[PDB]
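[1] Provided hereafter are the protein sequence and its experimental coordinates.
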Amino acid sequence: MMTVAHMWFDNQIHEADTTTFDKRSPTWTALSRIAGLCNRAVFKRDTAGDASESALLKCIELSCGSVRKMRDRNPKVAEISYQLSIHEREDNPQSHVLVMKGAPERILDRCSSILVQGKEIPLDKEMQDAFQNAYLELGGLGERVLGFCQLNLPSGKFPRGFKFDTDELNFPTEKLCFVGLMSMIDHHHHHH
Ligand code: NI
Ligand code: NI
Ligand code: NI
C-alpha cells in the first residue's frame, strides 16, 4: 500500500504528515492541485485506481480536504494516461491549466520554468541541479519518486470550451512549469 512519504518544492525536502510542512507557499497550492486533478482514483482507506494515484489521493485528501470537491470546481476537459489533464481553472473559469506528472527526469525535460514560493522563474542550471540532488536523495531512500508540473494555458488560444485533441496534441506539452516531486513508500510498520 502506497503512501506519500516526502516531496520536494520551494527548493527544500519536506516530510509528509504521516499522522507537506508549511502549506502557506502557493507552490504547495499548485502541487496539491496537480496531485489531486492529474489523478484518476477514488476511495488511508480502500482504493480504486493505481497505487501511486491512490497514495496521492490519500495525501491530498488528508492534507487539503475533499479532492472530490477539488475535482468538481476544476472540470476535466481533456485527459491522457507521463499523465496529464486539462481543467477549467477554479481561479477563473474562462481559462485552462494543464496538470502533468510522471517520471521525474522526463518531466523535468518538459519544463522551461519552475515555481519557488509562488514565483515562476526560469529552470536554469542551478535549479536543475537542485532537482537532481533532491531526486537523488528521495530515490535513494528506495521510494517511488514522481515529478509534477503544470501550465496555465493562455486564455486567448485556449478559451473556455476549446476542443482539446487528446490524441493528436491540440496544445503544448513542452515548456511547462515544474512544481515539485513526491516520493512514496511501499510499506509501514506502525501508526501514530
Ligand atoms: Ni523523512
Ligand atoms: Ni520499513
Ligand atoms: Ni513511530
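    Done, it's in. Numbering: from 1, shown residues only. Ligands and ions are numbered 1, 2, ... in the order given.
[2] Now residue 30: which helix or strand?
    Per DSSP states H and E, residue 30 falls inside helix 26-37.
[3] Go through that helix and flag the buried ones.
    Residues of helix 26-37 classed as buried: 27-28, 30-37 (neighbour count, 16 or more other Cβ atoms under 10 Å). All C-beta atoms are positioned from the backbone trio N, CA, C, and that covers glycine.
[4] For residue 89, state which of those residues is nearest.
    Nearest to residue 89 among these, counting by Cβ to Cβ, is residue 33 at 9.5 Å.
[5] need the contact list for that closest one.
    Contact analysis of residue 33 by Cβ atoms under 8 Å, 6 or more residues apart in numbering lists 70, 74, 97, 99, 150.
[6] most surrounded residue in those?
    residue 99 (26 neighbours; other Cβ atoms under 10 Å).
[7] what's it in contact with, if anything?
    Residue 99 neighbours (Cβ under 8 Å, 6+ apart): 33-34, 37-38, 84-87, 148-150.
[8] okay if I get the residues you listed as TSV plus distance to residue 179?
    Formatted as TSV, the contacts of residue 99 follow (distance: Cβ to Cβ, whole Å):
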residue	distance to residue 179
33	9
34	6
37	12
38	11
84	13
85	15
86	16
87	15
148	5
149	6
150	6
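[9] From those residues, pick the one nearest residue 192.
    Nearest to residue 192 among the contacts of residue 99, counting by Cβ to Cβ, is residue 148 at 26.6 Å.
[10] The closest one is in contact with residue 103, isn't it?
    No - if you go by Cβ atoms under 8 Å, residue 148 and residue 103 don't touch, sitting 11.4 Å apart.
[11] So for those two, which sits in the more crowded spot?
    residue 148 (27 against 12).
[12] Tell me where the chain has strands.
    3-9, 12-15, 76-80, 83-88, 96-102, 111-116, 119-122, 144-153, 176-185 (DSSP state E).
[13] Now do the contacts for the closest residue to residue 1 other than its chain neighbours.
    Nearest non-adjacent residue to residue 1, counting by Cβ to Cβ, 6 or more residues apart in numbering: residue 44, 6.7 Å away. Neighbouring residues of residue 44 by Cβ under 8 Å, 6+ apart: 1, 3, 58.
[14] what sits against the most centrally placed residue in the chain?
    Nearest to the geometric centre of the chain sits residue 34, at 3.4 Å (Cα atoms, centre = their mean). Residue 34 makes contact with 99-101, 148-150, 179 under the criterion Cβ under 8 Å, 6+ apart.
[15] Nearest to residue 165 among the residues you listed?
    When the contacts of residue 34 are compared against residue 165 (criterion: Cβ to Cβ), the nearest one is residue 100, at 16.5 Å.
[16] Pretty sure the closest one sits against residue 172.
    No - counting by Cβ under 8 Å, residue 100 does not reach residue 172; the two are 11.0 Å apart.
[17] before we move on, back to that, how far away is the residue nearest to residue 1 from residue 116?
    As judged by Cβ to Cβ, to the nearest Å, residue 44 and residue 116 stand 31 Å apart.
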